[PDB]
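Novice: The structure under discussion is supplied below as structure tokens; questions concerning it will follow.
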Amino acid sequence: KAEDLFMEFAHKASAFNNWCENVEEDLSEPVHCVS
Amino acid sequence: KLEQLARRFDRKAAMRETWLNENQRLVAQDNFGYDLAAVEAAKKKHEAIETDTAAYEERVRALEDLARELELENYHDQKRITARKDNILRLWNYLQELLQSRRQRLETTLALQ
Amino acid sequence: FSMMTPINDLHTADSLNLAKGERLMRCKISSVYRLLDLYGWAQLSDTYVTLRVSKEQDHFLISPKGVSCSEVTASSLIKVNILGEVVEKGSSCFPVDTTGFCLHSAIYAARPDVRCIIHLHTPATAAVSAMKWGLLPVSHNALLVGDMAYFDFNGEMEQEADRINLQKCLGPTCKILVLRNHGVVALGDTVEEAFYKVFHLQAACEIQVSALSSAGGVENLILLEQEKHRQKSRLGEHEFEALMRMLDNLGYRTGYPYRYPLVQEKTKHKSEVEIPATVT
């Protein structure tokens, strides 16, 4: 089936994109802390 | 430590609020393609957007959880966090309502063709 | 013998706690008060113009209660919170009331892309607010205003549920709100665009009132169709600089920074025997 080949990529692209944004915004915190 | 995580709360909620505004802007406009093929293509693009929004519902829930962390810890400024939290929740509920209306719009256009 | 007050009082204050761009926004909204005072639209303080300083820090600037719009300056403005708590108070020994901020607070909670909200109570705009079919675009200025949203107002919005109906009726993308029997509200990303839209809608309302009086009916008028109507300068950038420049020529110490110089200033005629200037 041709459409299934498009649509499983349609799932995985959004998951990859939001995982990338999650690791984008967990990263930039300056974290000084101590010791 | 708790003031640092409050300032992280502000910095984290900024992106969420801007994104709620941005998909408000893009679900606002309506441009259906001509005839049934383009109409159903727009329908499945809407379902793609609807599957996309459920990904960030989780992040909004994480923002909820770290927001109620403050009131568990009895922060000096409760009103700030509580107001920003439930306004964010209200705006997300409004975006769901607009998505549902947009969907019902497209089943009507599918059904009369 | 003069109403003239220096609108920039930041140097004489030398106090308070400020943001990195706050001291320019203070002068800009003070100038907005001065313009709305000068045209005769408003005289008595009813929390007309509200500005958001930053996207994250909130801390919205409002006018103190009791000071007429003629007497408002840069240092007299008060930085409040979204609920009404005092974040910072300027040099203004007056009791603090944030009741009028509640009208702007849910709009802040609704749309972030707006920074400037201007509320009017002029007789023409309040008559249009009581005008049940609303603004009829029979003039060019009303066509220049754009789209409108209409919201029923019961005079109170402290309630938790009234806010939901307000943000429902405002819509996702609409920058002019018309509260019934309560004047108009204009919505702008910058103070310049909001002021431009305020002026144009006020002119359109003034035209429409005379038109509905003189015609006596809708059928005696002509209405062009909204579908038929359908470098770079921002919507209020060009006019607002001219107004600031003219107030500078009169003498108000407007802190608004000009993007381009006015005059060429051809080089004058120089002599060598000058004492070298300045006091160093």
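Read-outs: derived from the displayed coordinates by stated rules, not from any lab. Note that each Cβ is placed from the backbone with ideal geometry, even for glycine, and that neighbours are counted across all protein chains shown.
Novice: Let me confirm one metric for peptide C:130-139, namely the mean number of other chain beta-carbon atoms within 10 Å of its residues' beta-carbons.
Specialist: Shielding by partners across C:130-139 averages 0.
Novice: Report, by chain and number, residues whose modeled amide H sits under 5 Å from the one on C:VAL87, excluding near sequence neighbours (fewer than 5 apart, same chain).
Specialist: Here C:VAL80, C:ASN81 satisfy the definition.
Novice: How high is the FRET efficiency from C:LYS270 to C:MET246, r the C-beta distance, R0 25 Å, rounded to 0.05?
Specialist: Computed FRET efficiency for C:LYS270 and C:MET246 comes out at 0.20.
Novice: Between C:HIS229 and C:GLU56, 0.36 nm times their residue separation minus their Cα-Cα distance comes to what?
Specialist: 58.4 nm
Novice: Given just the C-alpha atoms of region B:9-74, how large is their convex hull per residue in cubic angstrom?
Specialist: 73
Novice: Share of Cα-Cα pairs in region C:39-154 beyond 22 Å, in percent?
Specialist: So the pairs more than 22 Å apart make up 43 percent of the total in region C:39-154.
Novice: Still on this structure, please answer the following. Per 10 Å bin, what percent of the C-alpha pairs of region C:127-201 does each bin hold, from zero upward?
Specialist: For region C:127-201, the binned pair fractions read 18, 50, 29, 3 percent.
Novice: Further question: Take the Cα atoms of chain C, find their three principal axes, and give me the spread along each one in whole Å, biggest first.
Specialist: Ordered largest first, chain C gives principal extents of 78, 45, 40 Å.
Novice: Please report, in debye to the nearest 20, how large the charge dipole of region B:1-86 is about its Cα centre when each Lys and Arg carries +1 at its beta carbon and each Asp and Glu carries -1 there.
Specialist: In debye, rounded to 20, region B:1-86 gives about 400.
Novice: Across the Cα atoms of chain B, what radius of gyration and what greatest pairwise Cα-Cα distance (Dmax) are found, in Å?
Specialist: Final numbers for Rg and Dmax: 18.2, 60 Å.
Novice: Can you give the alpha-carbon Rg of the protein assembly as shown over 2.2 N^0.38 Å, where N counts its residues?
Specialist: Taking the Cα Rg and dividing by 2.2 N^0.38 Å, one obtains 1.17.
Novice: Please give the charge dipole size of region C:60-127, origin at the Cα centre, charges +1 on K and R Cβ atoms and -1 on D and E Cβ atoms. Round to the nearest 20 debye.
Specialist: In total the dipole reaches around 80 debye.
Novice: Here is a further query. How shielded is C:108-117 by partner chains, expressed as the average number of their Cβ atoms within 10 Å of its Cβ atoms?
Specialist: The mean count of partner-chain Cβ atoms within 10 Å per residue comes to 3.
Novice: While we're here: Compute the separation of the alpha-carbon centres of region A:8-35 and region B:1-44 and state it in Å as a whole number.
Specialist: Measuring centre to centre over Cα atoms gives 17 Å.
Novice: Calculate the spin-label point distance for B:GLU40 paired with B:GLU22, positioning each point 7 Å from the Cα along the beta-carbon direction, and give it in nanometres.
Specialist: Those two pseudo-labels are separated by 3.2 nm.
Novice: Using Cα atoms only, what is the angle between the long axis of helix B:35-73 and the major principal axis of chain B, expressed in degrees (0 to 90) to the nearest 10?
Specialist: On a 0 to 90 degree scale, this one is about 10.
Novice: Sticking with this one: Could you estimate the translational diffusion coefficient of region C:170-209 from the Stokes-Einstein equation, with Rh from the Kirkwood formula over C-alpha pairs, at 25 °C and 0.890 mPa s, in whole µm²/s?
Specialist: For the chosen part, D equals 226 µm²/s.
Novice: Please give, to one decimal in nm, the separation of the simple spin-label points placed at C:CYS169 and B:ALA48, each 7 Å out from Cα toward the Cβ.
Specialist: Using points 7 Å along Cα→Cβ, the separation is 3.8 nm.
Novice: Going by how many other beta carbons lie within 10 Å of each one, how would you line up C:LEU187, C:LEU35, C:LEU250, fewest first?
Specialist: C:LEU250, C:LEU35, C:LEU187
Novice: Still on this model: Pairs C:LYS28/C:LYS197; A:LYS12/B:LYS85; C:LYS175/C:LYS232: which exceed 28 Å Cα-Cα?
Specialist: Cα-Cα > 28 Å for A:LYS12/B:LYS85; rest within.
Novice: Continuing with the same structure: Counting other Cβ atoms within 10 Å, which trypsin sites (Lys or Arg not before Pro) in region C:129-182 have at most 12 and lie in a DSSP loop?
Specialist: Those satisfying the criteria are C:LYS132.
Novice: Give a quick list of trypsin sites (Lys or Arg not before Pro) in region C:231-280 that DSSP marks as loop, anything other than H, G, I, E or B, with at most 11 other Cβ atoms within 10 Å.
Specialist: Those that pass, being in a loop and sparsely packed, are C:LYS232, C:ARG259, C:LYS266, C:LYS268, C:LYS270.
Novice: Give the residue from B:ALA41, B:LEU106, B:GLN29 lying farthest towards the positive end of the charge dipole for chain B; charges sit on Cβ (+1 for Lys and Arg, -1 for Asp and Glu) and the dipole is referred to the Cα centre.
Specialist: Final value for the positive-end residue is B:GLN29.
Novice: Full-extension gain between C:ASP147 and C:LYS89, please, as 0.36 nm times their residue separation minus the C-alpha to C-alpha distance.
Specialist: This chain segment gains 17.2 nm when fully extended.
Novice: I would also like to ask the following. Given just the C-alpha atoms of region C:1-107, how large is their convex hull per residue in cubic angstrom?
Specialist: It is 108 Å³ per residue.
Novice: Per residue, how big is the convex hull of region C:185-280 when only Cα atoms are used? Give it in Å³.
Specialist: Taking only Cα atoms, region C:185-280 has a hull volume of 244 Å³ per residue.
Novice: Turning to a different aspect of this structure: Using helices alone, I'd like the mean residue ellipticity at 222 nm for the protein assembly as shown: each DSSP H run of four-plus residues gives -39500 (n - 2.57), total over residue count, nearest 500.
Specialist: After summing the helix terms and dividing by the residues of the protein assembly as shown, the value is -17000 deg cm²/dmol.
Novice: Which log10 I(q)/I(0) values does region C:121-257 give at q = 0.20 Å⁻¹ under the Debye formula, counting every alpha carbon as one identical point scatterer?
Specialist: Treating every Cα as an identical point scatterer, log10 I(q)/I(0) equals -1.22.
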